[PDB]
Amino acid sequence: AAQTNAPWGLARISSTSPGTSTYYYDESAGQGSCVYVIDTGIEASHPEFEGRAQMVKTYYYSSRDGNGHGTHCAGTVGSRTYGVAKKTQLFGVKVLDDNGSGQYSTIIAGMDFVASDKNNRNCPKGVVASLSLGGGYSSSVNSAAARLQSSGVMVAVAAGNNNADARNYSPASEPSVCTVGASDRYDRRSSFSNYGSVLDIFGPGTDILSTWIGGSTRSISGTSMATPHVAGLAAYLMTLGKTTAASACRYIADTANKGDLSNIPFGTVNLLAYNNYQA
Ligand SMILES: COC(=O)c1ccc(C[NH3+])cc1
């Protein structure tokens, strides 16, 4: 399938070159997979989700996304226009309040929730979790992400936006999950993207158009925006039968566009997420 005039990041993930605007992907489109978006919530009523999004858990007085961040990330995973995996099922877990903040104890509970809740969902092609959040190093946060991954969920986490080594941030620093840095439309490392040995992959993260609350759209930047590109890609590849939750990060790294990004510090992988779809 070909989506013309796609957001640059979608075009980038199906291209061997920057500077194109059509997204090419297998029509299976993540059908039969599920992606949990662990964030500020999801505005499931947005027409862009086509009834494929739902809130499954909140730790606050509402499950609604009063912020927008979670809706934007969910849109990059799976919205009809802005999403990588246009037929996946999206499950929202609201661990962050409407200001975008959340206690680590709530975030940990949300991860353990997903590890169990997937057994209440129909995801025959596999389960992914997208975590566009983080803070300072915490062994407990890292352990929760490791448990979620161990339980059979492909966990993708943001590297962070500190222009620093991700070793000092969690869950970015957990080795067993997929830690995602951000790039721009010119194949440069995003100016804010963390780096370091713990990164597994880069995805589009600067000026990413997606869904927003109030039935709207907007373009924002962050490793929060790169992470759902990788989560959606994992769901797409799992539906194709090319990889599994346990191996999807390594598969994405192995099949990535290699050596094409600029301003990647020595010791950080130079790997850009790529679907290898041959139309
Ligand atoms: C240190 O000057 C740079 O910004 C830089 C230029 C090219 C590369 C190789 N991709 C890495 C870094």
# chains A, B, ... in the order shown; residues from 1 in each chain; ligands from 1

$ closest_atom_pairs --of "chain A" --to "ligand 1" --cutoff "6 Å" --atoms "only C-alpha atoms and all ligand atoms" --output "CSV"
residue,atom,partner,partner_atom_place_in_ligand_line,distance
A:261,CA,ligand 1,10 (N),5.6
A:262,CA,ligand 1,10 (N),3.6
A:263,CA,ligand 1,12 (C),3.6
A:264,CA,ligand 1,11 (C),5.2

$ closest_atom_pairs --of "region 128-206 of chain A" --to "region 233-257 of chain A" --cutoff "12 Å" --atoms "only C-alpha atoms" --output "Markdown table"
| residue | atom | partner | partner_atom | distance |
| --- | --- | --- | --- | --- |
| A:128 | CA | A:235 | CA | 6.4 |
| A:129 | CA | A:235 | CA | 9.6 |
| A:130 | CA | A:234 | CA | 10.3 |
| A:146 | CA | A:246 | CA | 11.3 |
| A:147 | CA | A:246 | CA | 12.0 |
| A:148 | CA | A:245 | CA | 10.7 |
| A:149 | CA | A:246 | CA | 7.2 |
| A:150 | CA | A:246 | CA | 7.6 |
| A:151 | CA | A:246 | CA | 9.2 |
| A:152 | CA | A:245 | CA | 5.9 |
| A:153 | CA | A:245 | CA | 5.5 |
| A:154 | CA | A:245 | CA | 4.4 |
| A:155 | CA | A:245 | CA | 8.1 |
| A:156 | CA | A:249 | CA | 8.1 |
| A:157 | CA | A:249 | CA | 11.0 |
| A:175 | CA | A:249 | CA | 11.2 |
| A:176 | CA | A:249 | CA | 9.3 |
| A:177 | CA | A:249 | CA | 7.7 |
| A:178 | CA | A:249 | CA | 5.6 |
| A:179 | CA | A:249 | CA | 8.8 |
| A:180 | CA | A:249 | CA | 9.9 |
| A:187 | CA | A:257 | CA | 10.7 |
| A:199 | CA | A:253 | CA | 10.3 |
| A:200 | CA | A:253 | CA | 6.7 |
| A:201 | CA | A:253 | CA | 6.1 |
| A:202 | CA | A:256 | CA | 9.1 |
| A:203 | CA | A:256 | CA | 10.1 |
| A:204 | CA | A:233 | CA | 12.0 |

$ write_last_selection --atoms "N, CA and C atoms" --output "compact mmCIF listing (two decimals), in the first residue's frame"
# COMPACT_ATOMS: atom_id res chain seq x y z
N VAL A 128 2.62 -5.16 22.06
CA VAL A 128 3.66 -4.14 22.17
C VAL A 128 3.22 -3.15 23.23
N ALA A 129 4.19 -2.55 23.92
CA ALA A 129 3.91 -1.42 24.80
C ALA A 129 4.85 -0.28 24.45
N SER A 130 4.28 0.92 24.36
CA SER A 130 5.00 2.13 24.01
C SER A 130 5.01 3.04 25.23
N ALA A 146 11.61 -4.46 32.59
CA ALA A 146 12.16 -5.78 32.29
C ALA A 146 11.11 -6.87 32.49
N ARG A 147 10.29 -6.77 33.55
CA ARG A 147 9.23 -7.76 33.75
C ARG A 147 8.23 -7.73 32.61
N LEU A 148 7.83 -6.53 32.20
CA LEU A 148 6.86 -6.41 31.12
C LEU A 148 7.39 -7.07 29.85
N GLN A 149 8.65 -6.81 29.52
CA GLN A 149 9.28 -7.43 28.36
C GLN A 149 9.34 -8.95 28.53
N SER A 150 9.80 -9.41 29.69
CA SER A 150 9.88 -10.85 29.98
C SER A 150 8.52 -11.53 29.82
N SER A 151 7.43 -10.84 30.14
CA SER A 151 6.10 -11.43 30.07
C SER A 151 5.62 -11.67 28.65
N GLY A 152 6.36 -11.23 27.64
CA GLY A 152 5.98 -11.43 26.27
C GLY A 152 5.46 -10.19 25.56
N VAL A 153 5.82 -9.00 26.02
CA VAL A 153 5.43 -7.74 25.40
C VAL A 153 6.68 -7.09 24.84
N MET A 154 6.61 -6.61 23.60
CA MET A 154 7.70 -5.83 23.03
C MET A 154 7.64 -4.44 23.64
N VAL A 155 8.61 -4.10 24.49
CA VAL A 155 8.60 -2.82 25.19
C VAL A 155 9.53 -1.85 24.46
N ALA A 156 8.96 -0.73 24.00
CA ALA A 156 9.72 0.37 23.43
C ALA A 156 9.63 1.57 24.36
N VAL A 157 10.78 2.16 24.69
CA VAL A 157 10.84 3.28 25.62
C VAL A 157 11.64 4.43 25.02
N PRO A 175 18.48 -2.56 30.04
CA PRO A 175 19.06 -3.20 28.84
C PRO A 175 18.08 -4.03 28.03
N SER A 176 17.11 -4.67 28.67
CA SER A 176 16.31 -5.68 27.97
C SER A 176 15.15 -5.10 27.17
N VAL A 177 14.87 -3.80 27.27
CA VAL A 177 13.82 -3.18 26.47
C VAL A 177 14.44 -2.45 25.29
N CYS A 178 13.61 -1.90 24.41
CA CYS A 178 14.09 -1.24 23.19
C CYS A 178 14.10 0.26 23.44
N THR A 179 15.30 0.84 23.58
CA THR A 179 15.45 2.25 23.90
C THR A 179 15.64 3.06 22.62
N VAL A 180 14.78 4.07 22.42
CA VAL A 180 14.60 4.73 21.13
C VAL A 180 15.07 6.19 21.20
N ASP A 187 17.99 13.44 8.54
CA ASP A 187 18.81 12.34 9.06
C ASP A 187 19.90 12.83 10.01
N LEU A 199 21.11 2.87 23.89
CA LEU A 199 20.19 3.04 22.78
C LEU A 199 20.26 1.84 21.85
N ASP A 200 19.09 1.41 21.37
CA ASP A 200 18.99 0.32 20.42
C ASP A 200 18.72 0.78 19.00
N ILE A 201 18.09 1.94 18.83
CA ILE A 201 17.53 2.31 17.54
C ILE A 201 17.14 3.78 17.60
N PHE A 202 17.13 4.45 16.45
CA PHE A 202 16.56 5.77 16.30
C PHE A 202 15.30 5.70 15.46
N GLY A 203 14.38 6.61 15.74
CA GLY A 203 13.21 6.83 14.92
C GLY A 203 12.93 8.30 14.74
N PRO A 204 12.03 8.64 13.80
CA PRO A 204 11.68 10.05 13.57
C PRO A 204 11.13 10.71 14.83

$ select_by_dssp --residues "region 102-217 of chain A" --states "strand (DSSP E)" --output "ChimeraX atom specification"
/A:126-131,135-136,154-158,169-170,178-183,201-204,208-212,216-217

$ write_last_selection --atoms "N, CA and C atoms" --output "JSON list (two decimals), in the first residue's frame"
[["chain", "number", "residue", "atom", "x", "y", "z"],
["A", 126, "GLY", "N", 0.51, -10.61, 18.50],
["A", 126, "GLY", "CA", 1.48, -10.15, 19.47],
["A", 126, "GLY", "C", 1.11, -8.81, 20.09],
["A", 127, "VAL", "N", 1.88, -8.46, 21.12],
["A", 127, "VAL", "CA", 1.59, -7.35, 22.02],
["A", 127, "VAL", "C", 2.83, -6.47, 22.14],
["A", 128, "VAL", "N", 2.62, -5.16, 22.06],
["A", 128, "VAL", "CA", 3.66, -4.14, 22.17],
["A", 128, "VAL", "C", 3.22, -3.15, 23.23],
["A", 129, "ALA", "N", 4.19, -2.55, 23.92],
["A", 129, "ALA", "CA", 3.91, -1.42, 24.80],
["A", 129, "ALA", "C", 4.85, -0.28, 24.45],
["A", 130, "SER", "N", 4.28, 0.92, 24.36],
["A", 130, "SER", "CA", 5.00, 2.13, 24.01],
["A", 130, "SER", "C", 5.01, 3.04, 25.23],
["A", 131, "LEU", "N", 6.21, 3.39, 25.70],
["A", 131, "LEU", "CA", 6.42, 4.15, 26.93],
["A", 131, "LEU", "C", 7.19, 5.43, 26.60],
["A", 135, "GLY", "N", 12.25, 9.37, 33.69],
["A", 135, "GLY", "CA", 12.86, 10.32, 34.60],
["A", 135, "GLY", "C", 14.24, 9.80, 34.97],
["A", 136, "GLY", "N", 14.70, 10.18, 36.16],
["A", 136, "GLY", "CA", 16.03, 9.78, 36.59],
["A", 136, "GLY", "C", 16.13, 8.29, 36.85],
["A", 154, "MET", "N", 6.61, -6.61, 23.60],
["A", 154, "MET", "CA", 7.70, -5.83, 23.03],
["A", 154, "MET", "C", 7.64, -4.44, 23.64],
["A", 155, "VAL", "N", 8.61, -4.10, 24.49],
["A", 155, "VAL", "CA", 8.60, -2.82, 25.19],
["A", 155, "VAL", "C", 9.53, -1.85, 24.46],
["A", 156, "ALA", "N", 8.96, -0.73, 24.00],
["A", 156, "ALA", "CA", 9.72, 0.37, 23.43],
["A", 156, "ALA", "C", 9.63, 1.57, 24.36],
["A", 157, "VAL", "N", 10.78, 2.16, 24.69],
["A", 157, "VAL", "CA", 10.84, 3.28, 25.62],
["A", 157, "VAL", "C", 11.64, 4.43, 25.02],
["A", 158, "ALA", "N", 11.25, 5.65, 25.40],
["A", 158, "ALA", "CA", 11.96, 6.85, 24.96],
["A", 158, "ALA", "C", 13.33, 6.97, 25.60],
["A", 169, "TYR", "N", 18.92, 7.57, 33.04],
["A", 169, "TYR", "CA", 17.48, 7.76, 32.96],
["A", 169, "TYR", "C", 16.77, 6.41, 32.91],
["A", 170, "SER", "N", 15.53, 6.40, 33.41],
["A", 170, "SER", "CA", 14.74, 5.17, 33.44],
["A", 170, "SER", "C", 13.34, 5.43, 32.89],
["A", 178, "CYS", "N", 13.61, -1.90, 24.41],
["A", 178, "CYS", "CA", 14.09, -1.24, 23.19],
["A", 178, "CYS", "C", 14.10, 0.26, 23.44],
["A", 179, "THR", "N", 15.30, 0.84, 23.58],
["A", 179, "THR", "CA", 15.45, 2.25, 23.90],
["A", 179, "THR", "C", 15.64, 3.06, 22.62],
["A", 180, "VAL", "N", 14.78, 4.07, 22.42],
["A", 180, "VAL", "CA", 14.60, 4.73, 21.13],
["A", 180, "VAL", "C", 15.07, 6.19, 21.20],
["A", 181, "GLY", "N", 16.07, 6.53, 20.37],
["A", 181, "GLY", "CA", 16.46, 7.91, 20.17],
["A", 181, "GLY", "C", 15.71, 8.56, 19.01],
["A", 182, "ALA", "N", 15.91, 9.88, 18.85],
["A", 182, "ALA", "CA", 15.15, 10.66, 17.88],
["A", 182, "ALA", "C", 16.06, 11.25, 16.80],
["A", 183, "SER", "N", 15.56, 11.25, 15.56],
["A", 183, "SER", "CA", 16.20, 11.89, 14.42],
["A", 183, "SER", "C", 15.25, 12.89, 13.75],
["A", 201, "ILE", "N", 18.09, 1.94, 18.83],
["A", 201, "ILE", "CA", 17.53, 2.31, 17.54],
["A", 201, "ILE", "C", 17.14, 3.78, 17.60],
["A", 202, "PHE", "N", 17.13, 4.45, 16.45],
["A", 202, "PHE", "CA", 16.56, 5.77, 16.30],
["A", 202, "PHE", "C", 15.30, 5.70, 15.46],
["A", 203, "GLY", "N", 14.38, 6.61, 15.74],
["A", 203, "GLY", "CA", 13.21, 6.83, 14.92],
["A", 203, "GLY", "C", 12.93, 8.30, 14.74],
["A", 204, "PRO", "N", 12.03, 8.64, 13.80],
["A", 204, "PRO", "CA", 11.68, 10.05, 13.57],
["A", 204, "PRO", "C", 11.13, 10.71, 14.83],
["A", 208, "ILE", "N", 6.91, 16.01, 14.30],
["A", 208, "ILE", "CA", 6.09, 14.84, 13.97],
["A", 208, "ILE", "C", 4.62, 15.22, 14.09],
["A", 209, "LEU", "N", 3.91, 15.18, 12.96],
["A", 209, "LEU", "CA", 2.48, 15.45, 12.92],
["A", 209, "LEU", "C", 1.71, 14.21, 13.36],
["A", 210, "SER", "N", 0.75, 14.40, 14.26],
["A", 210, "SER", "CA", -0.10, 13.32, 14.72],
["A", 210, "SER", "C", -1.40, 13.89, 15.28],
["A", 211, "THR", "N", -2.22, 13.00, 15.82],
["A", 211, "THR", "CA", -3.48, 13.37, 16.44],
["A", 211, "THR", "C", -3.26, 14.17, 17.72],
["A", 212, "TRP", "N", -4.25, 14.99, 18.05],
["A", 212, "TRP", "CA", -4.25, 15.75, 19.29],
["A", 212, "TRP", "C", -5.67, 15.78, 19.83],
["A", 216, "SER", "N", -8.20, 17.13, 16.95],
["A", 216, "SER", "CA", -7.32, 17.99, 16.17],
["A", 216, "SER", "C", -6.05, 17.24, 15.78],
["A", 217, "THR", "N", -5.08, 17.97, 15.22],
["A", 217, "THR", "CA", -3.76, 17.45, 14.94],
["A", 217, "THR", "C", -2.74, 18.51, 15.30]]

$ residues_around --residues "residue 38 (chain A)" --least-positions-apart "5" --cutoff "12 Å" --atoms "only C-alpha atoms" --output "PyMOL selection string"
chain A and resi 55-59+63+65+69-71+73-74+90-97+100+102+106-114+128-134+145+155-158+224+227-228+231
